[PDB]
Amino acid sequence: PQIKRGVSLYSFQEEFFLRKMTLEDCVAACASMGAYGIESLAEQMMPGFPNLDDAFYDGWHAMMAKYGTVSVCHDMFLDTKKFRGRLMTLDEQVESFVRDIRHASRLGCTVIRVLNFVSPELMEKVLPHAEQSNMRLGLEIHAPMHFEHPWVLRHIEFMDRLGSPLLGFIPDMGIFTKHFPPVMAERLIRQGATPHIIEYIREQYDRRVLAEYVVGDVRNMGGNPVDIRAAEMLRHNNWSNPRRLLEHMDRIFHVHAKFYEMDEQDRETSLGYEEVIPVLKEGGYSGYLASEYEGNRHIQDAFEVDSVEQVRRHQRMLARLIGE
């Protein structure tokens, strides 16, 4: 009974983009669901970052208290390609990362979502700065990666050597994509995909057939460019072993409860919540599951987006599976 419910405000991006919900509107909706853990993206909803003033940070603290919510996680970004013709120097990357540690500290967070692409060497070099702010750094593991991917294995080598409890991981539930997501398949057909070939792709997805086989096969049976791009989604969405989480539980700081579609039954239609949540309980997980709605980008061409409703259903699903 120690798994906690939260929401990444990324879930409300469509309404925030359209100026239908403010930053505080998002937090309010979140508290109304009993999802008191808040995850935020300063570069998404806090214009003026990384130059936010004490009036903002004090106001965010007062907002959290007013709603009974907790500022849990800050999601950093790292624009290594900010300068045309080159990448940031390692020192420029450290400077950018320290920005986010400072901000997460002032926001009251206990963990930062470190982008999946961040190198072990950068994690190592910024560690003293994290230590000074007692800030956990959780590298996101998202599709098509998993805890046995060689990039993650190399990150683990570094964390084993450094021996710091502040370095760890944030699994994204898209590494538990059990079925080809329906809203993805449906948008592909709206874009002109061949329905017979989409059905082949969805079937082969469930069968766990190698991605490169499905791609070449769709090519070989005369798939159009949309069909081929549909097949190539198998390179970007994956199932992984849920019991592998048990090996890394001390480093699992936070979970991105990614979802695309909650049906009227309060069931998520493609991601492996019923397999993963029992494992987190078996492992003694005491962190947050933070709703991360991404259905908007797939349905927005033909349907109104209702992120609050989708997150309400998702939170009811989480509560049931946690055993509240």
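Residue indices: 1-based, along the sequence shown.
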item	value
Stretch with the higher entry mean CA B-factor, where the candidates are 181-189 and 85-93	85-93
Mean C-alpha temperature factor, higher of 232-240 and 169-177	232-240
Per the PDB entry, maximal CA B factor within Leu137, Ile198, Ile141, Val118	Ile198
Position of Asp25 among the chain's modelled residues by C-alpha B-factor, lowest, middle or highest third	lowest
Third of the chain, ranked by Cα B-factor, where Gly163 sits	highest
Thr269 - Cα temperature factor, lowest/middle/highest third of chain	middle
Chain third (lowest, middle, highest) by recorded CA B-factor, residue given as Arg219	highest
Chain third (lowest, middle, highest) by recorded CA B-factor, residue given as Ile101	lowest
